[PDB]
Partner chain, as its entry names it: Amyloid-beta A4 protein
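Before any questions on how it binds or moves, here is one chain, the form deposited without the partner chain, in structure tokens.
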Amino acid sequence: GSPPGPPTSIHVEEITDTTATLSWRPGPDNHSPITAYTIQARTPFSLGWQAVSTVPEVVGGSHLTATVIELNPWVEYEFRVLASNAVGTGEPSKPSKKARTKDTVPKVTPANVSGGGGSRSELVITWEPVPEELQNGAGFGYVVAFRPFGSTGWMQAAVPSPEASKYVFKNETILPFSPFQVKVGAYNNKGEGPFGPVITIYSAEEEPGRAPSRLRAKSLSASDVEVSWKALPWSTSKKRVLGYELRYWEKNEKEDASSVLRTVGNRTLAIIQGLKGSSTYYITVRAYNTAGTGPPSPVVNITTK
């Protein structure tokens, strides 16, 4: 004997939200009785034909129908069937006419919810967009829920773009770097999915309001300058200074073309390297946090070498 021919006339008998019952006509067995049928599916969201699970778990050679299980709601599927005997597995059937599974409400929650930062008086929330095949119906979107820490009433923002990964709430009553409880869910035309777990997200900061003081520069060589300054006083974990930004430009160059060195943390000293000898540089220092830079120090000048 030889491997079986293709089965024919794959037909979708019934389709639900997660199953599809198929029928087919047997092809030639080529003198070795058919011992199994296997089904594969194709969708617009994955490359190529893929194995699927069935009831019964193994489709015997005397079965001309079976139910494909664990499909995703509101997805367009093609199916095809392969016949096997003791000799081998035959060529796949021609595919069934495309059919969409029924829709349901979203089941997953948006993954990897986070947030923070942003511009003045904003609250920035982020998440991983839900993959298309898990959206379960048309009209898919996100429900972003939030409330200032210590309050009861929730606010809900809808984000009707299935591709979106961020929502920015802007309101002037948000004090800087204020804690919010946040949770994110999905919805579609069939209804709402569940919210994920509640997490704490901080609103945007405000730029530091003080310039640093005591900016001094000392020439160490033809190319290196030691810059030191005094930290801003009274910075806290709530009104933060993350580091400082040094800007430096050569005399008779524009301030707009300045080089930039940033520190992170508490050390208010840095060496600027790579300079030209016997050359005068202007330097300023500013504090920064995630909202941006504060006012600059006065300009200090230093001549190398």
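For clarity, a rigid core is taken as the largest C-alpha set superposing within 1.5 Å between two forms. Residue numbers count along the first chain shown, from 1.
Missing here is the form solved in complex with the partner chain; even so, the following discussion is about that form.
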| item | value |
| --- | --- |
| The partner chain in the entry with it bound: contacting segment from 120-128, 158-166, 105-113, 208-216, heavy atom within 4.5 Å | 158-166 |
| Non-hydrogen atom within 4.5 Å of the partner chain in the entry with it bound for each of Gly139, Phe146 and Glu192 | yes |
| Proximity to the partner chain in the entry with it bound, single hit among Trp74, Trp229, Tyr187, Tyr202 (heavy atom within 4.5 Å) | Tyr187 |
| Single mover in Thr89, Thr109, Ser213, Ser121, with Cα shift of 2 Å or more between this form and the one not shown when the core is superposed | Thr89 |
| Core-aligned C-alpha movement of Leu269 between this form and the one not shown, 2 Å or more | no |
| Core superposition between this form and the one not shown, C-alpha change of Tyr167 at least 2 Å | no |
| Core-aligned C-alpha movement of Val75 between this form and the one not shown reaching 2 Å | yes |
